[PDB]
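Peer 1: Structure supplied as model.pdb; contents: PDB, C-alpha atoms and all ligand atoms.
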MODEL        1
ATOM      1  CA  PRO Y   1     -11.314 106.232  25.504  1.00  0.00           C
ATOM      2  CA  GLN Y   2     -13.481 109.144  26.646  1.00  0.00           C
ATOM      3  CA  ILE Y   3     -12.209 110.495  29.940  1.00  0.00           C
ATOM      4  CA  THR Y   4     -14.474 112.752  32.130  1.00  0.00           C
ATOM      5  CA  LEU Y   5     -12.926 115.404  34.252  1.00  0.00           C
ATOM      6  CA  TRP Y   6     -14.552 114.904  37.690  1.00  0.00           C
ATOM      7  CA  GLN Y   7     -11.358 113.385  39.062  1.00  0.00           C
ATOM      8  CA  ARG Y   8      -7.828 114.283  37.874  1.00  0.00           C
ATOM      9  CA  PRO Y   9      -7.244 112.641  34.374  1.00  0.00           C
ATOM     10  CA  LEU Y  10      -4.577 110.104  35.433  1.00  0.00           C
ATOM     11  CA  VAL Y  11      -3.496 107.203  33.163  1.00  0.00           C
ATOM     12  CA  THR Y  12      -0.766 104.561  33.296  1.00  0.00           C
ATOM     13  CA  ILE Y  13       2.254 105.216  31.115  1.00  0.00           C
ATOM     14  CA  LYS Y  14       5.047 102.756  30.254  1.00  0.00           C
ATOM     15  CA  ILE Y  15       8.355 104.629  30.037  1.00  0.00           C
ATOM     16  CA  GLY Y  16      11.707 102.849  30.048  1.00  0.00           C
ATOM     17  CA  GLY Y  17      10.242  99.566  31.338  1.00  0.00           C
ATOM     18  CA  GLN Y  18       8.750 101.413  34.363  1.00  0.00           C
ATOM     19  CA  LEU Y  19       4.995 101.729  34.479  1.00  0.00           C
ATOM     20  CA  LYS Y  20       4.194 105.062  36.168  1.00  0.00           C
ATOM     21  CA  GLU Y  21       0.879 107.009  36.590  1.00  0.00           C
ATOM     22  CA  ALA Y  22       0.493 110.402  34.843  1.00  0.00           C
ATOM     23  CA  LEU Y  23      -1.800 113.282  34.177  1.00  0.00           C
ATOM     24  CA  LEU Y  24      -3.243 114.169  30.712  1.00  0.00           C
ATOM     25  CA  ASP Y  25      -2.717 117.879  30.783  1.00  0.00           C
ATOM     26  CA  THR Y  26      -3.966 120.086  27.958  1.00  0.00           C
ATOM     27  CA  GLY Y  27      -2.550 123.157  29.680  1.00  0.00           C
ATOM     28  CA  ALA Y  28       1.024 121.901  29.421  1.00  0.00           C
ATOM     29  CA  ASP Y  29       3.059 122.562  26.315  1.00  0.00           C
ATOM     30  CA  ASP Y  30       5.842 120.154  27.390  1.00  0.00           C
ATOM     31  CA  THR Y  31       5.959 116.735  29.003  1.00  0.00           C
ATOM     32  CA  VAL Y  32       7.607 116.665  32.438  1.00  0.00           C
ATOM     33  CA  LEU Y  33       8.434 113.484  34.396  1.00  0.00           C
ATOM     34  CA  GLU Y  34       9.568 113.080  37.968  1.00  0.00           C
ATOM     35  CA  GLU Y  35      13.247 112.363  38.613  1.00  0.00           C
ATOM     36  CA  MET Y  36      14.296 109.198  36.789  1.00  0.00           C
ATOM     37  CA  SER Y  37      17.089 107.913  34.612  1.00  0.00           C
ATOM     38  CA  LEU Y  38      16.809 108.028  30.835  1.00  0.00           C
ATOM     39  CA  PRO Y  39      19.632 107.085  28.437  1.00  0.00           C
ATOM     40  CA  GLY Y  40      21.081 109.562  26.029  1.00  0.00           C
ATOM     41  CA  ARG Y  41      22.509 113.056  26.295  1.00  0.00           C
ATOM     42  CA  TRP Y  42      20.487 115.923  27.755  1.00  0.00           C
ATOM     43  CA  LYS Y  43      20.260 119.697  27.560  1.00  0.00           C
ATOM     44  CA  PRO Y  44      19.212 121.745  30.661  1.00  0.00           C
ATOM     45  CA  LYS Y  45      16.101 123.858  30.346  1.00  0.00           C
ATOM     46  CA  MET Y  46      14.231 126.079  32.855  1.00  0.00           C
ATOM     47  CA  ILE Y  47      10.365 125.702  32.712  1.00  0.00           C
ATOM     48  CA  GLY Y  48       7.919 127.762  34.794  1.00  0.00           C
ATOM     49  CA  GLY Y  49       4.577 126.900  36.336  1.00  0.00           C
ATOM     50  CA  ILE Y  50       2.253 128.015  39.137  1.00  0.00           C
ATOM     51  CA  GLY Y  51       4.950 128.538  41.761  1.00  0.00           C
ATOM     52  CA  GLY Y  52       7.796 129.593  39.501  1.00  0.00           C
ATOM     53  CA  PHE Y  53      10.575 128.095  37.384  1.00  0.00           C
ATOM     54  CA  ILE Y  54      12.367 124.711  37.984  1.00  0.00           C
ATOM     55  CA  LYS Y  55      15.380 123.194  36.197  1.00  0.00           C
ATOM     56  CA  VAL Y  56      14.815 120.052  34.214  1.00  0.00           C
ATOM     57  CA  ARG Y  57      16.989 117.864  31.920  1.00  0.00           C
ATOM     58  CA  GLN Y  58      15.641 117.789  28.297  1.00  0.00           C
ATOM     59  CA  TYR Y  59      15.786 114.382  26.638  1.00  0.00           C
ATOM     60  CA  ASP Y  60      14.732 114.289  22.961  1.00  0.00           C
ATOM     61  CA  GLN Y  61      13.013 111.562  20.878  1.00  0.00           C
ATOM     62  CA  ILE Y  62      12.088 109.371  23.850  1.00  0.00           C
ATOM     63  CA  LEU Y  63       9.356 106.697  23.531  1.00  0.00           C
ATOM     64  CA  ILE Y  64       6.397 106.627  25.935  1.00  0.00           C
ATOM     65  CA  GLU Y  65       3.432 104.393  25.456  1.00  0.00           C
ATOM     66  CA  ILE Y  66       0.489 106.445  26.763  1.00  0.00           C
ATOM     67  CA  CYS Y  67      -2.472 104.247  27.484  1.00  0.00           C
ATOM     68  CA  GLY Y  68      -1.791 101.501  25.010  1.00  0.00           C
ATOM     69  CA  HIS Y  69      -0.716 103.992  22.288  1.00  0.00           C
ATOM     70  CA  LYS Y  70       2.951 104.610  21.487  1.00  0.00           C
ATOM     71  CA  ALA Y  71       4.335 108.144  21.118  1.00  0.00           C
ATOM     72  CA  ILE Y  72       7.844 109.604  20.566  1.00  0.00           C
ATOM     73  CA  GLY Y  73       8.778 113.117  21.749  1.00  0.00           C
ATOM     74  CA  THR Y  74      10.755 115.400  24.067  1.00  0.00           C
ATOM     75  CA  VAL Y  75      10.569 114.534  27.775  1.00  0.00           C
ATOM     76  CA  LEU Y  76      11.881 116.893  30.481  1.00  0.00           C
ATOM     77  CA  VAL Y  77      12.935 115.098  33.729  1.00  0.00           C
ATOM     78  CA  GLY Y  78      13.153 116.834  37.131  1.00  0.00           C
ATOM     79  CA  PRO Y  79      11.433 118.023  40.343  1.00  0.00           C
ATOM     80  CA  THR Y  80       7.698 117.754  39.567  1.00  0.00           C
ATOM     81  CA  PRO Y  81       5.170 116.490  42.186  1.00  0.00           C
ATOM     82  CA  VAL Y  82       3.320 114.666  39.418  1.00  0.00           C
ATOM     83  CA  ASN Y  83       4.146 113.327  35.935  1.00  0.00           C
ATOM     84  CA  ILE Y  84       2.641 115.605  33.272  1.00  0.00           C
ATOM     85  CA  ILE Y  85       1.795 114.300  29.734  1.00  0.00           C
ATOM     86  CA  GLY Y  86       1.544 117.560  27.801  1.00  0.00           C
ATOM     87  CA  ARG Y  87       0.425 118.583  24.336  1.00  0.00           C
ATOM     88  CA  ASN Y  88       3.559 117.473  22.425  1.00  0.00           C
ATOM     89  CA  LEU Y  89       2.667 113.770  23.143  1.00  0.00           C
ATOM     90  CA  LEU Y  90      -1.120 114.155  23.447  1.00  0.00           C
ATOM     91  CA  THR Y  91      -1.374 115.070  19.709  1.00  0.00           C
ATOM     92  CA  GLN Y  92       0.473 111.835  18.926  1.00  0.00           C
ATOM     93  CA  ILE Y  93      -2.055 109.489  20.596  1.00  0.00           C
ATOM     94  CA  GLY Y  94      -4.803 111.529  18.893  1.00  0.00           C
ATOM     95  CA  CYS Y  95      -6.108 113.221  21.996  1.00  0.00           C
ATOM     96  CA  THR Y  96      -8.915 115.826  21.695  1.00  0.00           C
ATOM     97  CA  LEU Y  97     -11.040 117.995  23.961  1.00  0.00           C
ATOM     98  CA  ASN Y  98     -14.755 117.768  23.294  1.00  0.00           C
ATOM     99  CA  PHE Y  99     -17.968 119.555  24.363  1.00  0.00           C
TER     100      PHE Y  99
ATOM    101  CA  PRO R 201     -16.556 121.675  19.371  1.00  0.00           C
ATOM    102  CA  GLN R 202     -13.797 119.096  18.931  1.00  0.00           C
ATOM    103  CA  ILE R 203     -10.541 120.908  19.846  1.00  0.00           C
ATOM    104  CA  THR R 204      -7.254 119.334  18.853  1.00  0.00           C
ATOM    105  CA  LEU R 205      -3.932 120.068  20.583  1.00  0.00           C
ATOM    106  CA  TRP R 206      -1.345 121.243  18.035  1.00  0.00           C
ATOM    107  CA  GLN R 207      -1.855 124.795  19.279  1.00  0.00           C
ATOM    108  CA  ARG R 208      -2.603 125.874  22.888  1.00  0.00           C
ATOM    109  CA  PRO R 209      -6.385 125.404  23.557  1.00  0.00           C
ATOM    110  CA  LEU R 210      -7.343 129.059  24.150  1.00  0.00           C
ATOM    111  CA  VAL R 211     -11.011 130.203  24.038  1.00  0.00           C
ATOM    112  CA  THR R 212     -12.799 133.494  24.367  1.00  0.00           C
ATOM    113  CA  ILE R 213     -14.395 133.671  27.802  1.00  0.00           C
ATOM    114  CA  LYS R 214     -16.544 136.642  28.771  1.00  0.00           C
ATOM    115  CA  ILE R 215     -16.515 137.807  32.395  1.00  0.00           C
ATOM    116  CA  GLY R 216     -17.777 141.121  33.723  1.00  0.00           C
ATOM    117  CA  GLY R 217     -19.038 142.286  30.343  1.00  0.00           C
ATOM    118  CA  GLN R 218     -15.551 141.903  28.862  1.00  0.00           C
ATOM    119  CA  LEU R 219     -14.188 139.219  26.637  1.00  0.00           C
ATOM    120  CA  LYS R 220     -10.878 137.696  27.711  1.00  0.00           C
ATOM    121  CA  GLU R 221      -8.775 134.805  26.438  1.00  0.00           C
ATOM    122  CA  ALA R 222      -8.308 131.679  28.558  1.00  0.00           C
ATOM    123  CA  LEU R 223      -6.432 128.363  28.279  1.00  0.00           C
ATOM    124  CA  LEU R 224      -8.538 125.094  28.679  1.00  0.00           C
ATOM    125  CA  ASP R 225      -6.691 122.997  31.197  1.00  0.00           C
ATOM    126  CA  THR R 226      -7.471 119.429  32.208  1.00  0.00           C
ATOM    127  CA  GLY R 227      -4.557 119.262  34.649  1.00  0.00           C
ATOM    128  CA  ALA R 228      -5.753 122.323  36.587  1.00  0.00           C
ATOM    129  CA  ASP R 229      -8.147 121.465  39.442  1.00  0.00           C
ATOM    130  CA  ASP R 230      -9.514 125.023  39.611  1.00  0.00           C
ATOM    131  CA  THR R 231     -10.068 128.044  37.362  1.00  0.00           C
ATOM    132  CA  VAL R 232      -7.613 130.969  38.025  1.00  0.00           C
ATOM    133  CA  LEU R 233      -8.110 134.339  36.184  1.00  0.00           C
ATOM    134  CA  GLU R 234      -5.593 137.258  35.950  1.00  0.00           C
ATOM    135  CA  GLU R 235      -5.704 139.967  38.536  1.00  0.00           C
ATOM    136  CA  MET R 236      -9.073 141.570  38.050  1.00  0.00           C
ATOM    137  CA  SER R 237     -11.877 142.774  40.348  1.00  0.00           C
ATOM    138  CA  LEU R 238     -14.967 140.679  40.987  1.00  0.00           C
ATOM    139  CA  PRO R 239     -18.109 141.116  43.204  1.00  0.00           C
ATOM    140  CA  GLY R 240     -18.552 140.152  46.802  1.00  0.00           C
ATOM    141  CA  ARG R 241     -16.236 138.767  49.382  1.00  0.00           C
ATOM    142  CA  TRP R 242     -13.229 136.507  48.880  1.00  0.00           C
ATOM    143  CA  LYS R 243     -11.604 133.758  51.015  1.00  0.00           C
ATOM    144  CA  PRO R 244      -7.859 132.556  51.093  1.00  0.00           C
ATOM    145  CA  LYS R 245      -6.647 129.628  48.875  1.00  0.00           C
ATOM    146  CA  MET R 246      -3.127 128.298  48.430  1.00  0.00           C
ATOM    147  CA  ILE R 247      -2.585 126.531  45.066  1.00  0.00           C
ATOM    148  CA  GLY R 248       0.547 124.588  44.089  1.00  0.00           C
ATOM    149  CA  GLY R 249       2.081 123.355  40.880  1.00  0.00           C
ATOM    150  CA  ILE R 250       5.498 123.291  39.313  1.00  0.00           C
ATOM    151  CA  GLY R 251       7.793 125.527  41.310  1.00  0.00           C
ATOM    152  CA  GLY R 252       5.664 125.415  44.523  1.00  0.00           C
ATOM    153  CA  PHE R 253       2.600 127.246  45.959  1.00  0.00           C
ATOM    154  CA  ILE R 254       0.961 130.733  45.591  1.00  0.00           C
ATOM    155  CA  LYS R 255      -1.968 132.533  47.324  1.00  0.00           C
ATOM    156  CA  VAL R 256      -5.118 133.552  45.406  1.00  0.00           C
ATOM    157  CA  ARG R 257      -8.404 135.271  46.247  1.00  0.00           C
ATOM    158  CA  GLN R 258     -11.404 132.784  46.030  1.00  0.00           C
ATOM    159  CA  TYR R 259     -14.663 134.272  44.705  1.00  0.00           C
ATOM    160  CA  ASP R 260     -17.858 132.098  44.473  1.00  0.00           C
ATOM    161  CA  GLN R 261     -20.971 131.908  42.327  1.00  0.00           C
ATOM    162  CA  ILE R 262     -19.523 134.001  39.490  1.00  0.00           C
ATOM    163  CA  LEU R 263     -21.013 133.718  35.958  1.00  0.00           C
ATOM    164  CA  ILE R 264     -18.593 133.177  33.117  1.00  0.00           C
ATOM    165  CA  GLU R 265     -19.297 132.090  29.535  1.00  0.00           C
ATOM    166  CA  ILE R 266     -16.805 129.774  27.784  1.00  0.00           C
ATOM    167  CA  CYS R 267     -17.626 129.551  23.988  1.00  0.00           C
ATOM    168  CA  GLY R 268     -21.133 130.906  24.608  1.00  0.00           C
ATOM    169  CA  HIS R 269     -21.752 128.154  27.182  1.00  0.00           C
ATOM    170  CA  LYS R 270     -22.621 129.810  30.552  1.00  0.00           C
ATOM    171  CA  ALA R 271     -21.182 128.468  33.801  1.00  0.00           C
ATOM    172  CA  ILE R 272     -21.756 129.872  37.340  1.00  0.00           C
ATOM    173  CA  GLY R 273     -19.069 128.729  39.828  1.00  0.00           C
ATOM    174  CA  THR R 274     -15.876 129.420  41.782  1.00  0.00           C
ATOM    175  CA  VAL R 275     -13.069 131.462  40.150  1.00  0.00           C
ATOM    176  CA  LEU R 276      -9.786 132.180  41.932  1.00  0.00           C
ATOM    177  CA  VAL R 277      -7.967 135.508  41.066  1.00  0.00           C
ATOM    178  CA  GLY R 278      -4.155 135.845  41.439  1.00  0.00           C
ATOM    179  CA  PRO R 279      -0.789 136.626  39.711  1.00  0.00           C
ATOM    180  CA  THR R 280      -0.986 134.411  36.629  1.00  0.00           C
ATOM    181  CA  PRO R 281      -0.028 135.324  33.006  1.00  0.00           C
ATOM    182  CA  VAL R 282      -2.754 133.395  31.304  1.00  0.00           C
ATOM    183  CA  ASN R 283      -6.316 132.851  32.545  1.00  0.00           C
ATOM    184  CA  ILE R 284      -6.874 129.150  33.264  1.00  0.00           C
ATOM    185  CA  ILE R 285     -10.199 127.293  33.023  1.00  0.00           C
ATOM    186  CA  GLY R 286      -9.818 124.240  35.193  1.00  0.00           C
ATOM    187  CA  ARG R 287     -11.738 121.094  35.717  1.00  0.00           C
ATOM    188  CA  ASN R 288     -14.268 122.697  38.011  1.00  0.00           C
ATOM    189  CA  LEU R 289     -15.766 124.696  35.112  1.00  0.00           C
ATOM    190  CA  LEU R 290     -14.899 122.240  32.261  1.00  0.00           C
ATOM    191  CA  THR R 291     -17.203 119.578  33.847  1.00  0.00           C
ATOM    192  CA  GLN R 292     -20.005 122.210  33.843  1.00  0.00           C
ATOM    193  CA  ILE R 293     -19.811 122.762  30.078  1.00  0.00           C
ATOM    194  CA  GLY R 294     -19.492 118.956  29.741  1.00  0.00           C
ATOM    195  CA  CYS R 295     -15.922 118.723  28.462  1.00  0.00           C
ATOM    196  CA  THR R 296     -14.198 115.336  27.981  1.00  0.00           C
ATOM    197  CA  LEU R 297     -10.767 114.155  26.818  1.00  0.00           C
ATOM    198  CA  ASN R 298     -11.193 111.740  23.844  1.00  0.00           C
ATOM    199  CA  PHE R 299      -8.669 109.354  22.183  1.00  0.00           C
TER     200      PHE R 299
HETATM  201  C1  LIG S 301       4.895 122.496  31.170  1.00  0.00           C
HETATM  202  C2  LIG S 301       4.335 122.911  32.541  1.00  0.00           C
HETATM  203  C3  LIG S 301       3.726 121.665  33.195  1.00  0.00           C
HETATM  204  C4  LIG S 301       5.491 123.502  33.405  1.00  0.00           C
HETATM  205  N1  LIG S 301       3.286 123.942  32.325  1.00  0.00           N
HETATM  206  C5  LIG S 301       2.636 124.551  33.332  1.00  0.00           C
HETATM  207  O1  LIG S 301       2.809 124.329  34.554  1.00  0.00           O
HETATM  208  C6  LIG S 301       1.554 125.529  32.904  1.00  0.00           C
HETATM  209  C7  LIG S 301       1.999 126.967  33.221  1.00  0.00           C
HETATM  210  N2  LIG S 301       0.975 127.888  32.717  1.00  0.00           N
HETATM  211  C8  LIG S 301       1.431 129.310  32.850  1.00  0.00           C
HETATM  212  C9  LIG S 301       1.461 129.787  34.314  1.00  0.00           C
HETATM  213  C10 LIG S 301       2.560 130.578  34.861  1.00  0.00           C
HETATM  214  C11 LIG S 301       1.972 130.960  36.124  1.00  0.00           C
HETATM  215  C12 LIG S 301       2.518 131.797  37.123  1.00  0.00           C
HETATM  216  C13 LIG S 301       1.789 131.947  38.342  1.00  0.00           C
HETATM  217  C14 LIG S 301       0.538 131.258  38.543  1.00  0.00           C
HETATM  218  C15 LIG S 301      -0.027 130.455  37.484  1.00  0.00           C
HETATM  219  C16 LIG S 301       0.726 130.367  36.293  1.00  0.00           C
HETATM  220  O2  LIG S 301       0.371 129.681  35.187  1.00  0.00           O
HETATM  221  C17 LIG S 301      -0.294 127.666  33.411  1.00  0.00           C
HETATM  222  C18 LIG S 301      -0.779 126.216  33.149  1.00  0.00           C
HETATM  223  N3  LIG S 301       0.269 125.251  33.580  1.00  0.00           N
HETATM  224  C19 LIG S 301      -0.185 123.885  33.267  1.00  0.00           C
HETATM  225  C20 LIG S 301      -0.879 123.303  34.469  1.00  0.00           C
HETATM  226  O3  LIG S 301      -1.990 122.590  34.009  1.00  0.00           O
HETATM  227  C21 LIG S 301      -0.032 122.341  35.247  1.00  0.00           C
HETATM  228  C22 LIG S 301      -0.594 121.628  36.485  1.00  0.00           C
HETATM  229  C23 LIG S 301       0.413 120.583  36.974  1.00  0.00           C
HETATM  230  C24 LIG S 301       0.041 119.992  38.344  1.00  0.00           C
HETATM  231  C25 LIG S 301      -1.141 119.211  38.505  1.00  0.00           C
HETATM  232  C26 LIG S 301      -1.433 118.675  39.756  1.00  0.00           C
HETATM  233  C27 LIG S 301      -0.569 118.925  40.838  1.00  0.00           C
HETATM  234  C28 LIG S 301       0.584 119.704  40.700  1.00  0.00           C
HETATM  235  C29 LIG S 301       0.899 120.238  39.451  1.00  0.00           C
HETATM  236  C30 LIG S 301      -0.921 122.650  37.580  1.00  0.00           C
HETATM  237  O4  LIG S 301      -0.049 123.438  37.954  1.00  0.00           O
HETATM  238  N4  LIG S 301      -2.158 122.554  38.093  1.00  0.00           N
HETATM  239  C31 LIG S 301      -2.442 123.190  39.394  1.00  0.00           C
HETATM  240  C32 LIG S 301      -3.420 124.273  39.338  1.00  0.00           C
HETATM  241  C33 LIG S 301      -3.580 125.187  38.320  1.00  0.00           C
HETATM  242  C34 LIG S 301      -4.667 126.057  38.416  1.00  0.00           C
HETATM  243  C35 LIG S 301      -5.532 126.027  39.541  1.00  0.00           C
HETATM  244  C36 LIG S 301      -5.309 125.111  40.561  1.00  0.00           C
HETATM  245  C37 LIG S 301      -4.208 124.267  40.434  1.00  0.00           C
HETATM  246  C38 LIG S 301      -3.900 123.087  41.324  1.00  0.00           C
HETATM  247  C39 LIG S 301      -3.138 122.135  40.345  1.00  0.00           C
HETATM  248  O5  LIG S 301      -4.126 121.462  39.579  1.00  0.00           O
ENDMDL
END
Take the structure in this file and express it as structure tokens.
Ligand SMILES: CC(C)(C)NC(=O)[C@@H]1CN(Cc2cc3ccccc3o2)CCN1C[C@@H](O)C[C@@H](Cc1ccccc1)C(=O)N[C@H]1c2ccccc2C[C@H]1O
Peer 2:
Amino acid sequence: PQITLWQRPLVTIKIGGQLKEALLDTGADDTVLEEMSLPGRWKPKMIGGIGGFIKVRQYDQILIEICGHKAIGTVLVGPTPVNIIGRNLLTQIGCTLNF
Amino acid sequence: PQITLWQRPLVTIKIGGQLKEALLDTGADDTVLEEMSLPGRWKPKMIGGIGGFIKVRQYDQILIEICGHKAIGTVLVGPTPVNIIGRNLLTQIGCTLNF
């Protein structure tokens, strides 16, 4: 689909049975989800944004279906006010930026 | 152009006679440039993200070219590492997310 940017680019994602809403963010290198439980072992990582750094748990090779399209990648889970679908999974569903 | 997302989407912007590099960011409501000086008066603006909120100087009706496409609008200035072009100026140059 072609998404305009007048409102925040939110889409529905299916992740671990849960359907959550999320933001298609071209400014984000990583994908960051709000506090939830994912199976598997995790690493800790520190990632920084607009305020400063937060601590997240890094889960690798996790499956998200972003807007009807499946994608596999690294998902960081922790204290974000919104779920961010970053560039590592956007490439996978074939997302581009056009003008 | 048709910009894909394997690398960070940086572009040359030109503001105040000088060329700078900025990230194209669909998850950023507003444009925020690095600490520079701009004409006229500013107002206070609190922006939040990952890691909380920060305070930036709001300037209005500032001309900025992104890829030789001119935009006149609101640019916030504050303590950021990378200049960010947010939705407010990406809708002006007619930018969409496609997939
Ligand atoms: C992997 C992740 C997500 C940690 N990356 C980022 O946060 C990067 C950081 N860089 C590197 C970065 C470090 C840094 C340090 C100080 C200050 C800025 C900084 O940018 C700058 C660009 N951001 C990406 C942003 O697009 C993220 C976005 C997330 C969001 C969206 C909506 C609500 C809350 C959080 C974001 O922070 N956008 C905010 C946003 C951004 C610009 C203008 C207004 C606003 C409001 C809101 O849209």
Peer 1: Find, counting all atoms listed in the file, the residue in R:250, R:264, R:290, R:232 that gets nearest to residue 218 (chain R).
Peer 2: R:264
Peer 1: For the contact check between chain Y and chain R, emit one row per residue of chain Y within 9 Å, containing the shortest atom pair and the distance in Å rounded to one decimal, counting all atoms listed in the file, chain then rising number order, as a Markdown table.
Peer 2:
| residue | atom | partner | partner_atom | distance |
| --- | --- | --- | --- | --- |
| Y:1 | CA | R:299 | CA | 5.3 |
| Y:2 | CA | R:298 | CA | 4.5 |
| Y:3 | CA | R:297 | CA | 5.0 |
| Y:4 | CA | R:296 | CA | 4.9 |
| Y:5 | CA | R:291 | CA | 6.0 |
| Y:6 | CA | R:291 | CA | 6.6 |
| Y:7 | CA | R:287 | CA | 8.4 |
| Y:8 | CA | R:227 | CA | 6.8 |
| Y:9 | CA | R:226 | CA | 7.1 |
| Y:23 | CA | R:227 | CA | 6.6 |
| Y:24 | CA | R:227 | CA | 6.6 |
| Y:25 | CA | R:227 | CA | 4.5 |
| Y:26 | CA | R:225 | CA | 5.1 |
| Y:27 | CA | R:225 | CA | 4.4 |
| Y:28 | CA | R:225 | CA | 8.0 |
| Y:29 | CA | R:208 | CA | 7.4 |
| Y:47 | CA | R:250 | CA | 8.5 |
| Y:48 | CA | R:250 | CA | 6.8 |
| Y:49 | CA | R:250 | CA | 4.8 |
| Y:50 | CA | R:249 | CA | 5.0 |
| Y:51 | CA | R:251 | CA | 4.2 |
| Y:52 | CA | R:251 | CA | 4.5 |
| Y:53 | CA | R:251 | CA | 5.5 |
| Y:54 | CA | R:251 | CA | 5.7 |
| Y:79 | CA | R:250 | CA | 8.0 |
| Y:80 | CA | R:250 | CA | 6.0 |
| Y:81 | CA | R:250 | CA | 7.4 |
| Y:82 | CA | R:250 | CA | 8.9 |
| Y:84 | CA | R:227 | CA | 8.2 |
| Y:87 | CA | R:205 | CA | 5.9 |
| Y:88 | CA | R:206 | CA | 7.6 |
| Y:90 | CA | R:205 | CA | 7.1 |
| Y:91 | CA | R:205 | CA | 5.7 |
| Y:93 | CA | R:299 | CA | 6.8 |
| Y:94 | CA | R:299 | CA | 5.5 |
| Y:95 | CA | R:299 | CA | 4.6 |
| Y:96 | CA | R:204 | CA | 4.8 |
| Y:97 | CA | R:297 | CA | 4.8 |
| Y:98 | CA | R:202 | CA | 4.7 |
| Y:99 | CA | R:295 | CA | 4.7 |
Peer 1: Tell me which residues the PyMOL selection byres (((chain R and resi 236) around 12) and not hetatm) grabs here, as a PyMOL selection string.
Peer 2: chain R and resi 215-216+218+220+232-235+237-239+256-257+259+275-280+283
Peer 1: If I take CA of residue 46 (chain Y) and atom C5 of ligand LIG 301 (chain S), how far is one from the other in Å, to one decimal?
Peer 2: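 Computing the Euclidean distance for CA of residue 46 (chain Y) and atom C5 of ligand LIG 301 (chain S) yields 11.7 Å.
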Peer 1: Return the single residue from Y:62, Y:19, Y:71, Y:13 that is closest to residue 40 (chain Y), with distances computed using all atoms listed in the file.
Peer 2: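 Using all atoms listed in the file, the shortest distance to residue 40 (chain Y) belongs to Y:62.
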